[PDB]
(Lines of atoms letter the chains of each structure in order from A and count residues from 1; the text may use other names and numbers.)
(Lines give C-alpha, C1' and ligand atoms only; values in the text may rest on other atoms or scores of the structure.)
Protein backbone atom coordinates (compact mmCIF):
# COMPACT_ATOMS: atom_id res chain seq x y z
CA UNK A 1 0.00 0.00 0.00
CA UNK A 2 3.12 2.21 0.32
CA UNK A 3 3.63 4.79 -2.44
CA UNK A 4 6.85 6.05 -4.02
CA UNK A 5 6.61 8.85 -6.63
CA UNK A 6 8.78 11.50 -8.35
CA UNK A 7 8.43 15.07 -7.06
CA UNK A 8 6.11 17.15 -9.25
CA UNK A 9 4.00 14.05 -9.90
CA UNK A 10 0.53 13.52 -8.32
CA UNK A 11 -0.72 11.30 -5.46
CA UNK A 12 -4.10 9.67 -4.78
CA UNK A 13 -4.64 8.37 -1.25
CA UNK A 14 -7.85 6.39 -0.77
CA UNK A 15 -9.69 5.40 2.39
CA UNK A 16 -12.76 3.39 3.46
CA UNK A 17 -14.90 3.51 6.62
CA UNK A 18 -17.67 1.45 8.32
CA UNK A 19 -20.28 3.40 10.34
CA UNK A 20 -21.47 6.60 8.62
CA UNK A 21 -20.36 10.02 9.83
CA UNK A 22 -20.96 13.78 9.61
CA UNK A 23 -17.36 14.84 8.99
CA UNK A 24 -14.22 13.27 7.52
CA UNK A 25 -10.61 14.40 8.07
CA UNK A 26 -7.16 13.66 6.65
CA UNK A 27 -3.93 13.90 8.66
CA UNK A 28 -0.25 13.36 8.02
CA UNK A 29 2.22 11.75 10.41
CA UNK A 30 5.73 13.14 10.39
CA UNK A 31 8.66 10.72 10.91
CA UNK A 32 6.48 8.16 12.75
CA UNK A 33 5.67 10.75 15.48
CA UNK A 34 3.48 13.88 15.48
CA UNK A 35 0.27 14.13 13.42
CA UNK A 36 -0.86 17.36 11.73
CA UNK A 37 -4.39 18.18 10.52
CA UNK A 38 -4.68 18.67 6.75
CA UNK A 39 -8.24 19.14 5.49
CA UNK A 40 -11.86 18.59 6.57
CA UNK A 41 -14.91 17.67 4.51
CA UNK A 42 -18.51 17.89 5.76
CA UNK A 43 -21.19 15.24 5.22
CA UNK A 44 -22.95 17.62 2.81
CA UNK A 45 -19.87 18.23 0.67
CA UNK A 46 -18.43 16.57 -2.44
CA UNK A 47 -15.05 18.37 -2.83
CA UNK A 48 -12.68 20.78 -1.06
CA UNK A 49 -9.31 22.46 -1.75
CA UNK A 50 -6.53 23.79 0.49
CA UNK A 51 -3.96 24.77 -2.12
CA UNK A 52 -2.40 21.51 -3.30
CA UNK A 53 -4.76 19.29 -1.24
CA UNK A 54 -7.91 18.06 -3.00
CA UNK A 55 -10.37 15.84 -1.11
CA UNK A 56 -13.36 13.81 -2.32
CA UNK A 57 -16.02 11.99 -0.29
CA UNK A 58 -19.13 9.92 -0.95
CA UNK A 59 -21.58 8.60 1.66
CA UNK A 60 -22.81 6.33 -1.15
CA UNK A 61 -19.84 3.96 -0.91
CA UNK A 62 -18.31 5.20 2.39
CA UNK A 63 -14.96 6.06 0.82
CA UNK A 64 -12.70 9.10 0.47
CA UNK A 65 -9.76 10.22 -1.66
CA UNK A 66 -7.03 12.83 -1.19
CA UNK A 67 -5.15 14.19 -4.20
CA UNK A 68 -1.80 15.97 -3.84
CA UNK A 69 -0.83 17.96 -6.95
CA UNK A 70 2.71 18.97 -7.98
CA UNK A 71 4.48 17.09 -5.17
CA UNK A 72 7.47 18.14 -3.10
CA UNK A 73 10.04 16.27 -0.99
CA UNK A 74 8.30 17.91 2.03
CA UNK A 75 5.11 15.91 1.17
CA UNK A 76 6.94 12.67 2.19
CA UNK A 77 4.96 11.32 5.15
CA UNK A 78 2.32 8.82 6.18
CA UNK A 79 -1.32 9.73 5.59
CA UNK A 80 -4.15 8.86 7.93
CA UNK A 81 -7.86 8.91 7.23
CA UNK A 82 -10.09 9.96 10.16
CA UNK A 83 -13.91 9.73 10.45
CA UNK A 84 -15.85 11.81 13.00
CA UNK A 85 -19.30 10.71 14.23
CA UNK A 86 -21.12 11.69 17.43
CA UNK A 87 -24.50 11.89 19.17
CA UNK A 88 -24.27 15.63 19.98
CA UNK A 89 -22.19 15.49 23.22
CA UNK A 90 -19.12 13.38 22.36
CA UNK A 91 -16.98 13.40 19.23
CA UNK A 92 -15.02 10.20 18.76
CA UNK A 93 -12.49 10.67 15.96
CA UNK A 94 -11.15 7.29 14.77
CA UNK A 95 -8.03 6.62 12.73
CA UNK A 96 -7.46 4.48 9.66
CA UNK A 97 -4.52 2.28 8.72
CA UNK A 98 -2.10 4.78 7.14
CA UNK A 99 -0.36 5.13 3.77
CA UNK A 100 3.38 5.81 3.42
CA UNK A 101 4.17 8.37 0.72
CA UNK A 102 7.76 9.00 -0.34
CA UNK A 103 8.49 11.71 -2.87
CA UNK A 104 11.86 11.61 -4.65
CA UNK A 105 13.69 14.30 -6.69
CA UNK A 106 15.05 14.19 -10.23
CA UNK A 107 18.75 13.42 -10.40
CA UNK A 108 20.35 15.82 -12.88
CA UNK A 109 23.48 13.91 -13.91
CA UNK A 110 23.46 10.28 -12.77
CA UNK A 111 26.87 8.71 -12.16
CA UNK A 112 26.06 5.27 -10.65
CA UNK A 113 29.01 4.05 -8.56
CA UNK A 114 29.93 1.64 -5.79
CA UNK A 115 32.81 2.44 -3.41
CA UNK A 116 34.51 0.71 -0.52
CA UNK A 117 35.27 3.07 2.40
CA UNK A 118 37.61 2.07 5.24
CA UNK A 119 37.37 2.68 9.01
CA UNK A 120 39.22 5.71 10.45
CA UNK A 121 40.15 3.60 13.46
CA UNK A 122 42.78 0.94 12.83
CA UNK A 123 40.44 -1.98 12.21
CA UNK A 124 39.58 -4.10 9.19
CA UNK A 125 35.91 -3.15 9.04
CA UNK A 126 34.64 -1.56 5.83
CA UNK A 127 31.38 -0.46 4.15
CA UNK A 128 30.17 -0.27 0.58
CA UNK A 129 28.61 2.84 -0.85
CA UNK A 130 26.29 2.63 -3.83
CA UNK A 131 25.85 6.25 -4.81
CA UNK A 132 24.85 8.86 -7.44
CA UNK A 133 22.32 6.61 -9.17
CA UNK A 134 19.11 7.92 -10.80
CA UNK A 135 15.74 7.86 -9.00
CA UNK A 136 14.23 4.96 -10.95
CA UNK A 137 16.82 2.45 -9.69
CA UNK A 138 16.03 -0.54 -7.45
CA UNK A 139 18.12 -1.28 -4.37
CA UNK A 140 17.42 -4.97 -3.69
CA UNK A 141 17.46 -6.26 -0.09
CA UNK A 142 20.12 -8.94 0.28
CA UNK A 143 19.41 -12.64 -0.22
CA UNK A 144 22.17 -13.44 2.27
CA UNK A 145 21.54 -13.00 6.01
CA UNK A 146 25.23 -12.14 6.54
CA UNK A 147 24.89 -9.11 4.20
CA UNK A 148 23.04 -5.96 5.38
CA UNK A 149 21.75 -3.40 2.87
CA UNK A 150 20.01 -0.11 3.80
CA UNK A 151 17.05 1.47 2.01
CA UNK A 152 17.64 4.40 -0.38
CA UNK A 153 18.53 7.92 0.96
CA UNK A 154 18.51 11.38 -0.70
CA UNK A 155 20.96 14.03 0.63
CA UNK A 156 20.88 17.73 -0.34
CA UNK A 157 23.92 19.94 -1.02
CA UNK A 158 22.06 23.21 -1.49
CA UNK A 159 25.14 25.45 -2.00
CA UNK A 160 25.83 23.45 -5.15
CA UNK A 161 22.22 22.99 -6.40
CA UNK A 162 22.94 19.29 -6.26
CA UNK A 163 21.31 16.19 -4.83
CA UNK A 164 22.31 12.52 -4.73
CA UNK A 165 20.94 9.15 -3.71
CA UNK A 166 22.82 6.58 -1.66
CA UNK A 167 22.56 3.19 -0.04
CA UNK A 168 25.05 1.47 2.27
CA UNK A 169 25.98 -2.21 2.56
CA UNK A 170 28.22 -3.96 5.09
CA UNK A 171 28.95 -7.47 6.34
CA UNK A 172 30.84 -9.38 9.05
CA UNK A 173 32.30 -12.00 6.67
CA UNK A 174 36.08 -12.15 6.18
CA UNK A 175 37.57 -10.62 2.97
CA UNK A 176 34.16 -9.07 2.04
CA UNK A 177 34.38 -7.41 -1.39
CA UNK A 178 31.97 -4.69 -2.50
CA UNK A 179 32.37 -5.83 -6.12
CA UNK A 180 29.04 -7.72 -5.99
CA UNK A 181 27.06 -6.54 -2.94
CA UNK A 182 24.03 -4.78 -4.49
CA UNK A 183 24.10 -6.56 -7.85
CA UNK A 184 20.49 -6.61 -9.11
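Residue numbers count along the first chain shown, from 1.
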**Asked** 42-50 versus 125-133: which one carries the higher mean Cα B factor per the record?
**Response** 42-50
**Request:** Going by the average Cα B-factor in the PDB entry, point out whether 110-118 or 86-94 comes out higher.
**Result:** 86-94
**Message:** Comparing recorded Cα B-factors across 139, 68, 36, 147, which one is largest?
**Reply:** 139
**Item:** Per the PDB entry, maximal CA B factor within 10, 165, 171, 19
**Value:** 19
**Item:** Lowest, middle or highest third - CA B-factor, residue 63
**Value:** lowest
**Request:** Comparing against every modelled residue in the chain, figure out the third that the C-alpha B-factor of residue 100 lands in (lowest, middle or highest).
**Result:** middle
**Complete:** Binned into thirds over the chain's modelled residues, the C-alpha B-factor of residue 5 lands in the lowest
